[PDB]
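Reviewing the structure listed below.
We use all heavy atoms of the structure for the numbers below, so side chains are in, but hydrogens, waters and symmetry mates are not. A, B, ... follow the sequence lines: proteins, then strands. Residue 1 opens every chain.
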Amino acid sequence: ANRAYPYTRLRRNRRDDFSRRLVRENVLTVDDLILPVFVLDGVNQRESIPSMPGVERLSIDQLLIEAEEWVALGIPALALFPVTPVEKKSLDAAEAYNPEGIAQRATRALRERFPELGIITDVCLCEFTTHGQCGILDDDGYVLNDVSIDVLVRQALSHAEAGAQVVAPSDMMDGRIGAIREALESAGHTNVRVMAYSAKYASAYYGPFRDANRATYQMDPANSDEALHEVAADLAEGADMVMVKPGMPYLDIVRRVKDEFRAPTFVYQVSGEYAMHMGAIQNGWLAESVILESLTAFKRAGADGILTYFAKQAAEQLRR
Amino acid sequence: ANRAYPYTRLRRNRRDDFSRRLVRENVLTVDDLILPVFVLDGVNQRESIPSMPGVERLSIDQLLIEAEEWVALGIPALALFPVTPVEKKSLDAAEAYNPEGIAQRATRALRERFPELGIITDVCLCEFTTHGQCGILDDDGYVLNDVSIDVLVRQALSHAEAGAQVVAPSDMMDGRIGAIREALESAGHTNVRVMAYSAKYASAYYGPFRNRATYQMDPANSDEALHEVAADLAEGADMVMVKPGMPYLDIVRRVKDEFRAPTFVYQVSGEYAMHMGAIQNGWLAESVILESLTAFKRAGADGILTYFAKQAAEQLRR
Amino acid sequence: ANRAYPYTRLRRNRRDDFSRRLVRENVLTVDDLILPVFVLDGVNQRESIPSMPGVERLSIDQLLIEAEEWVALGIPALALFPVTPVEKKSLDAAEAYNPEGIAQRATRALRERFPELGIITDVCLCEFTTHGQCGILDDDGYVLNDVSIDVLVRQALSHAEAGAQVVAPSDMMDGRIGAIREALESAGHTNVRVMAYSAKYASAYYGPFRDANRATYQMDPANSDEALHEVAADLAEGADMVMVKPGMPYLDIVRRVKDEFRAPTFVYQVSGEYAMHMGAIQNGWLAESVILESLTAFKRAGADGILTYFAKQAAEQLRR
Amino acid sequence: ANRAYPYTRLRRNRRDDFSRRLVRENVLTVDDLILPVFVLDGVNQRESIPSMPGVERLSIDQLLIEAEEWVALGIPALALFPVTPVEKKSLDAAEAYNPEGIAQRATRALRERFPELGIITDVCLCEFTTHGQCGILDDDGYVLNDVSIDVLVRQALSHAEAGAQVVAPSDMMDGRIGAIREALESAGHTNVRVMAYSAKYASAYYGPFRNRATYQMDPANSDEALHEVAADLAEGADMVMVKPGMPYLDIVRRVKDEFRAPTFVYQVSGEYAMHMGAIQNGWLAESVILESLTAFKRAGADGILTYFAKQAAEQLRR
Amino acid sequence: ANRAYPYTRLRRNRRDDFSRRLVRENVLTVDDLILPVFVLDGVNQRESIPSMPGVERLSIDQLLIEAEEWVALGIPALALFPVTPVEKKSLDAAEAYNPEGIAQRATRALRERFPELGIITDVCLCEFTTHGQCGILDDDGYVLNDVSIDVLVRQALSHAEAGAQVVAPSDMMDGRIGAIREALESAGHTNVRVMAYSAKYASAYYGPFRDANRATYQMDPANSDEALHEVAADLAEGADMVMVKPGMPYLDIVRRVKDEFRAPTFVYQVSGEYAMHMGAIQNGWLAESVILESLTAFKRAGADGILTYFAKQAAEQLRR
Amino acid sequence: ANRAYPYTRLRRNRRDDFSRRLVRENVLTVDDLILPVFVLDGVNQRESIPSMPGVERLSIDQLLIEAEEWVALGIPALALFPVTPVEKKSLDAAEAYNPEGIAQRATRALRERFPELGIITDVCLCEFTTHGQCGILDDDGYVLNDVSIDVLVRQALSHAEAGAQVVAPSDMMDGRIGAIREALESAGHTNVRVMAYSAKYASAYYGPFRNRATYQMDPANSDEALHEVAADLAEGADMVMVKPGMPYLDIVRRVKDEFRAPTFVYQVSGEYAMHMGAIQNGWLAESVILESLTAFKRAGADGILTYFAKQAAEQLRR
Ligand SMILES: [Mg+2]
Ligand SMILES: [Mg+2]
Ligand SMILES: [Mg+2]
Ligand SMILES: [Mg+2]
Ligand SMILES: [Mg+2]
Ligand SMILES: [Mg+2]
Ligand SMILES: [Mg+2]
Ligand SMILES: [Mg+2]
Ligand SMILES: [Mg+2]
Ligand SMILES: [Mg+2]
Ligand SMILES: [Mg+2]
Ligand SMILES: [Mg+2]
Ligand SMILES: [Mg+2]
Ligand SMILES: [Mg+2]
Ligand SMILES: [Mg+2]
Ligand code: NA
Ligand code: NA
Ligand code: NA
Ligand code: NA
Ligand code: NA
Ligand code: NA
Ligand SMILES: [Zn+2]
Ligand SMILES: [Zn+2]
Ligand SMILES: [Zn+2]
Ligand SMILES: [Zn+2]
Ligand SMILES: [Zn+2]
Ligand SMILES: [Zn+2]
């Protein structure tokens, strides 16, 4: 609109807090926060994670106790990540659909104790396979697409039976959203949401989660147009929400996905992003204000919700 | 993206509060609210406004008292509307630029007491002319464009010298934003913001605030609003505004979409009156206040001039 | 196009009525008006509505008499809203599809007496359920989507049999437009139009209609992109017209919907909007000219037609 | 939106008049109509035009009589086309700016009698030059751009001083809109509108109105029209026009779509002649008049210069 | 691009014929011309049409003789329009699919005599029904959509059997393009093109053709967005070309259709357009140069081909 | 529009010549062709060009003879390329603006003989400098921008005074279009067209025509070309050109799409050489000439500078 200095001085609106606040384009609220949480078997268990300062893996009993604060702070949902006992991992990943598995038990417990809290379960075989890949291997060592979907469907169904309001397939198999959706619909789980990990990259940023091949399924970091194709398919297949993972290193993908589809768009600030920031904060290299800066970035980029291990810290800062 | 029932059921996200909250596209906050306020000449004075139940005209001392609650609620700014004593009105509208006029005095008092509170003054001749038009009349009864600008310029300069952070020309003269900006820059008022009333319509919804069709816009016209805004941005506006508000939400959306600039909207006297009247008659629930304000946000407004600002602030602070 | 003052003065075209008229971008005509009308059981009944000054609920006999004026004024269509006797409300909503229900009786009477007048019937269960929700409840108190559609289909069919040229599903069940369309097509009701309430919000503006939960089906006022998804589905499912409700508070949605789909787009100026305006007019706070301003706004925003309780007043003002 | 038969049957809305009326995308109203009118020099004079059955050239007194019916029908404006006596033509086209020329006299008389009726005068040299070109010729027979503008400027100024609310340069000189606007502004004619003939083609459809290819546009060219309009808007046009009309409806649509500005179209003499001739021969029904005019609206025109304006007005008033 | 006088003078390129020719955006060639032609029963028949000066209706023998010139001039195709003997019109329109009907006989004759000349047959019932509507009536006098399609399919098949390379459904029934396409494909007529009359308006411009109700099927002249919906469906249904009718009065529709779909786009300069222009030319009110101006307009608006009764005149003018 | 096999078979339109002809999206005509021609200093002189089989350098008298066939074929314009005698080269490139230089003499002779034939002169210093760069060198060997413009301006003015209808600056100095336009306008050369070489790349395809990377564009860059064109249009170019041609067809398409302005493309010496060489070796059919030229049209070019112009004209005239 032919705006030119000195008629236009973009510093004017920056001059005072009031005008900065009036023109501010985005704000973070507790409604944007999802807390991922690592869940152990057993009772009275609490484990620190060295590569994620301040995050603990908790048994179900201890998770229920901590969920009091989280609920009180208004965090809308948790994303549950079981820590599978090694002995329960198998070639067939059958623990993924065990009604007595950690995720299923945790879901029923939380649904009963905190009925309004959203529970987002993780649909993937990587915590259940001996070999740690996201799906079932063929005799050449490749992760088989459609056979894996069979197991992921049973898993998702088991989560729905346990009471999960949202299942989030994090597997990157082709077509899994539609297969899971069909299965849910056929079984009568009409309102279980599917939060697709649509554009999940083959990333180095996942280090600490593993603490807490893939290029044939997860996306190449170099590719951006491809992510649009991914999301389009997941929306056609029935996803209720679509997600980009990891987060900060992919903010350009979040913006293109929101702009292109105008659908509910989520982003995961993964373990390595948390660890980088925490480490720098603890070293005194960055101020704690970087936490809300990092989260504001996701809102600015177009995300509706953020899976972040900072959810509690940020919710406290915001509640003030 | 070929979304089809029953694979896509748009009710699933609506099933639970938590998922409604996660997908909710817009939220109103106190940061979005600007309170207009009618300012009297006297002292220890308030007046009730018949056509605006619940709103009082306030003398400056009273404004300072109430501004305590407004600042504590976090309301970022006020928009000052003086109520000029009749005896101060004239064909030349000289009272508009009186250094000791209501607006100027109010501004200086607020700037001193509450230095962080934004003050948005009204640049217009309508409360200063004997006939009530927004500009100066020629012998034929036409509101003269360029002669009016000369008065408006001196007005704005007086507001700036009183300390106003924002001046808001509400006059709908052609070119006034540029003339005002030029004057502010030449006088050294580098940082005074100009909040243009860019698309201000010749509307029946101004009843309660109180030939206009020769300067305010025809309600029928939408494309024209984009031309208006474009000119005001090129002329140096820091913010642009649509008035009235709800009845023009389509204009808000087009203006935000087209220009991606800081965009404001005025929920005018008549919109307040019709909502309050209905709430007082028991015809509409009080929830309609927040719904009306959420609509502005959804449509693309960055901030909202609303006589409901204090109640909305109170509700949000719950 | 680099337009700049003083070469460009946008007041020039405003200088005279003639040039204002030449450049005026939108005009309201009686072709844009649909009159909603509340229909009572019985004979010789006329009831004023306190929260809607000047609107009356009428028995069929009295509706036929008033429809003379409406036809003479050129109003193209009515939208019928029965007032169901309380004793006829039920858990199963069966009165919705009674061939002798108020809507069905009213439709046959009007179709016979005024063959060119459009009749738009309301497809929804809320006037027929004891609990007043738009659909059938499950044992958890939730409004069941697909079971409700079964009843809405029978209702729509009964309206078609009665002679309605348009059925307007106002229910906000997912998929109902396609289900109704299939049913109409299968039954031979090839030319019955479906006027989808596509983007119908969970709004406070409906107060006076009730005088004259829902968040799990009606839309969140905060959401705009979601409305596009709603309309897209309804057009794919066969709607002939798409509608936004309420009206004024959603003019931005009307504009986005018209711009995005270029399809016949309708808007409902609901009971609370009528009451607000009437109340202010009767108090002398607004001039009567606000009525045609409010209606012009819908045209400007892109609506092709407006359901408005001001239809008669506006048609008289326009006929002059 | 994946609309597919038989779920989507586009005939359903066509089934009944009432639904056709509800979905109808465009309507012609009297507000859209501008009547061109050929104005003679004498008094108690009318002339029939062989190639335009049913249209009369009218002396000013006759124009005033007929303008009674035009105003009562609600026609907003007339476009005046003088028929210059041959003896007043010259190589310098000085008659164009004669204060007592036909156009000027007609304007003053209409402005006085019917103050609310818009008068759109024609700014062009073609009815004033001995050779009939729209501008002044050099020794080689080329229509000079800038020298022509100087005459056109004085013309426009004379029209403004006679009281014309709109001047419409129909000359297709480069830059003339800006030169005219500059002159009007410097003379204080702040509110005189300029209705540019922006995209005026070198067309065979002007037969009945009566080297042109060096100034009027090549019929083959579409993109070029957008460049023409762009320049005229930047130069200060209040309205822009395409001429001829029906044969250029694609241009109307592109111009409206691209610029969102007040857009006009001229249904020229040859288009009138061919429609009337066909109606008089019994080859086309009279309904073709309203269909032709609806086409302009559908294509995006805000207003239409049409010799059918009175009959269309009569038909609409039914 | 900030172009401003006097740096930019758009007259410079107009100064000389050479530069006008270099910058000229569109040209008409004989490849753009399709000649419609009225075909009589019998032998040695030639009839002038008073409302279309210079156009004759011809029996097949005389058509073959005239087609020599047309072929020699390079006209790519004819559009055949039979003149059905009144006695052969019926309620069932069965003459439409008679293998010995005028259109079928004419097609076989032309295909044999001029194998490279395109023949475009007219698929519609209006020349075959006693009542002259485009389809079959129901007992309320309405033109039935799907029953009409049954007859149009048999017609199109009969044209394909006769050797037509293109069938052009001019009926404006919903869905007919897909039904005809399915039928052609099933029967093995893999390469018969379908030239859909997609946006055919209810127009006064057809007068002279009739010399040589409809609002429930043909389009309202007022509607433009609706035409896009029409074309979209016809392309989805398998049309190879899409057409707007009438022509000049709808150039804005031609431009929107070409711009939106980028598909082969045709336009019909109908009988009334020909008659208007001829009449004015014969009266001396317009120069003959208007013919090529009118045709250039269609090219400029985006048409790939033009059905025009001026095809021979224009082809001669162009061949020079 | 959800087109799917077998409902949609894109071969159906390809089945027959007649349908291929009806749907064909672009056609080459003689109106699209501009012939470049190398012009010698002498008289009764021709020279064969080793790296451009079939093209002759021609003295002016020879050019006039051949121009007979070119005009009779309908070729609209020639682009003149003088071959400067070495002794006339200098560090100041003064020969560029010699009123009796090759280009000037050729222009005057053609303008007189064939008044309707367009002449496009080359505005560049490369055939006038001793070192062969397109501009004047500083002491460090850099091609100076603004000093070069001053020479180019005088060149262009000399071409205009010789009668050239189009001057085509091929130099790739920044700002030269504006400087040239300013000079032409101030001198009264109102109608002299400027055909800017807007996006002229530092290319290996100029081999046969005969630090360049500091002024000609990097082959890798596409977006940059739009910035180049934008500036030349704002500076007053009447036409804009991409060079080389085939290897840059994507640039042609983007430039036409973005600006909708008269767009030209140069099929350079190396493109001619590689096609002819292949045709002479029997490796490619002669049909490749028309295919190469159809590509330019398809990509969006309005006109094409091509050494094949005469043969293509001959082929089209079949
Ligand atoms: Mg995928
Ligand atoms: Mg957001
Ligand atoms: Mg006190
Ligand atoms: Mg303005
Ligand atoms: Mg916002
Ligand atoms: Mg829906
Ligand atoms: Mg509309
Ligand atoms: Mg008399
Ligand atoms: Mg121009
Ligand atoms: Mg319009
Ligand atoms: Mg169709
Ligand atoms: Mg084309
Ligand atoms: Mg010789
Ligand atoms: Mg450059
Ligand atoms: Mg081209
Ligand atoms: Na959110
Ligand atoms: Na804000
Ligand atoms: Na309408
Ligand atoms: Na209009
Ligand atoms: Na073609
Ligand atoms: Na060309
Ligand atoms: Zn996994
Ligand atoms: Zn004012
Ligand atoms: Zn309901
Ligand atoms: Zn003229
Ligand atoms: Zn037909
Ligand atoms: Zn060079």
Side-chain angles (χ1 to χ4, degrees), chain C residues 184-193 238 240, chain D residues 4-16 20, chain E residues 81-82 84 88-99 101 103-104 120-160 164 167-184 186-187 192 194-203 206 209-210 213-220 229-230 233-234 236-239 242-243 245, chain F residues 7:
Chain C
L184 289 168
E185 284 290 318
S186 295
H189 299 289
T190 308
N191 291 306
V192 171
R193 280 115 287 182
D240 305 285
Chain D
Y5 170 92
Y7 287 84
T8 296
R9 289 179 184 269
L10 295 169
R11 291 183 67 201
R12 308 194 187 92
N13 290 330
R14 303 192 190 116
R15 181 64 190 88
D16 298 300
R20 292 193 300 265
Chain E
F81 292 98
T84 303
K88 289 179 185 287
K89 295 183 178 202
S90 68
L91 189 66
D92 70 359
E95 183 66 9
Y97 54 81
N98 188 349
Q104 297 77 0
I120 308 164
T121 58
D122 182 49
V123 171
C124 197
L125 314 182
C126 52
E127 196 49 34
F128 303 103
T129 53
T130 55
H131 52 241
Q133 296 297 318
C134 300
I136 304 297
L137 306 176
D138 75 9
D139 284 10
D140 299 319
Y142 174 77
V143 172
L144 279 168
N145 200 86
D146 296 350
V147 165
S148 297
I149 286 176
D150 292 334
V151 187
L152 296 164
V153 163
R154 287 179 221 261
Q155 177 181 38
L157 291 167
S158 81
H159 297 170
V167 302
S170 64
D171 56 290
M172 292 291 289
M173 299 299 92
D174 295 332
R176 90 285 205 191
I177 299 312
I180 290 164
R181 173 60 70 213
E182 292 163 348
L184 289 168
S186 295
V192 171
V194 175
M195 176 178 286
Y197 292 64
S198 294
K200 174 176 175 175
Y201 289 83
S203 181
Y206 303 143
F209 188 99
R210 268 149 211 169
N213 69 122
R214 290 199 213 257
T216 71
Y217 50 102
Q218 292 175 357
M219 286 183 62
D220 184 340
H229 294 281
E230 283 288 349
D234 294 343
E237 289 173 32
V242 293
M243 196 202 299
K245 180 183 177 182
Chain F
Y7 287 84

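A side-chain donor-acceptor contact under 3.5 Å links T216(E) to the backbone of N213(E). Side-chain atoms of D174(E) come within 3.5 Å of backbone N or O of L10(D) as a donor-acceptor pair. A donor-acceptor pair under 3.5 Å is formed between the side chain of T84(E) and the backbone N or O of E127(E). Of the possible donor and acceptor atoms, none in the side chain of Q104(E) sits under 3.5 Å from a partner among the backbone N and O of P99(E). Of the possible polar contacts, one joining the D92(E) side chain to the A94(E) backbone as a donor-acceptor pair under 3.5 Å is found. When atom types are taken as modelled, the side chain of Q155(E) and the backbone of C124(E) share a donor-acceptor pair closer than 3.5 angstrom.
Contact annotation: the side chain of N145(E) approaches that of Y5(D) to within less than 4.5 Å [non-hydrogen atoms, C-beta and beyond]. Proximity of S158(E) to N98(E): side-chain heavy atoms (C-beta onward) are nowhere separated by under 4.5 Å. Inter-residue side-chain proximity for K200(E) and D171(E) is flagged as unmet; no heavy-atom pair is nearer than 4.5 Å. Taking the side chain as every heavy atom from C-beta outward, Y142(E) and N191(C) approach each other to under 4.5 Å. Between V194(E) and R176(E), the closest side-chain pair of non-hydrogen atoms is not below 4.5 Å. Considering only heavy atoms from C-beta on, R20(D) stays 4.5 Å or farther from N13(D) through its side chain. By the 4.5 Å heavy-atom criterion applied to side chains, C134(E) and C126(E) are counted as neighbours. Here the side chains of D220(E) and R14(D) are not in contact, with every heavy-atom distance at 4.5 Å or above.
For the atom pair CE of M195(E) and CE of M243(E), the computed distance is 5.5 Å after rounding to the nearest 0.5 Å. Rounding to the nearest 0.5 Å places OG of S186(E) at 9.0 Å from CG of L157(E). One distance of note links CD of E237(E) with CD1 of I180(E); it measures 9.5 Å at 0.5 Å rounding. Of the inter-residue distances, the one linking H131(E) atom NE2 with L137(E) atom CG reads 4.0 Å to the nearest 0.5 angstrom.
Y206(E) and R214(E) share no side-chain donor-acceptor pair at under 3.5 Å.
In terms of heavy atoms, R11(D) sits closest to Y217(E) at NE-CB, 3.4 Å. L184(E) approaches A156(E) most closely through the heavy-atom pair CD2-O, 4.5 Å. Annotation for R12(D) and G238(C): closest pair NH1-O, 3.9 Å, computed over non-hydrogen atoms. Closest of all the heavy-atom pairs between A164(E) and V192(E) is O-CG2, 3.8 Å. Of all the heavy atoms in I136(E) and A93(E), the pair that sits closest is CD1-CB, 4.3 Å. In terms of heavy atoms, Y197(E) sits closest to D234(E) at O-OD2, 4.3 Å.
Salt bridge annotation for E230(E)-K245(E): absent, with no cationic side-chain nitrogen under 4.0 angstrom from a carboxylate oxygen.
Under the rule for a ring-ring contact (aromatic ring centres under 6.0 Å, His included), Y7(D) has no partner lying at least two apart in sequence or in another chain.
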Verdict with supporting geometry, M173(E) and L125(E), side chain to side chain contact (heavy atoms under 4.5 Å, CB included): CA-CA 11 Å; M173(E) 299 299 92; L125(E) 314 182; over 6 Å; no
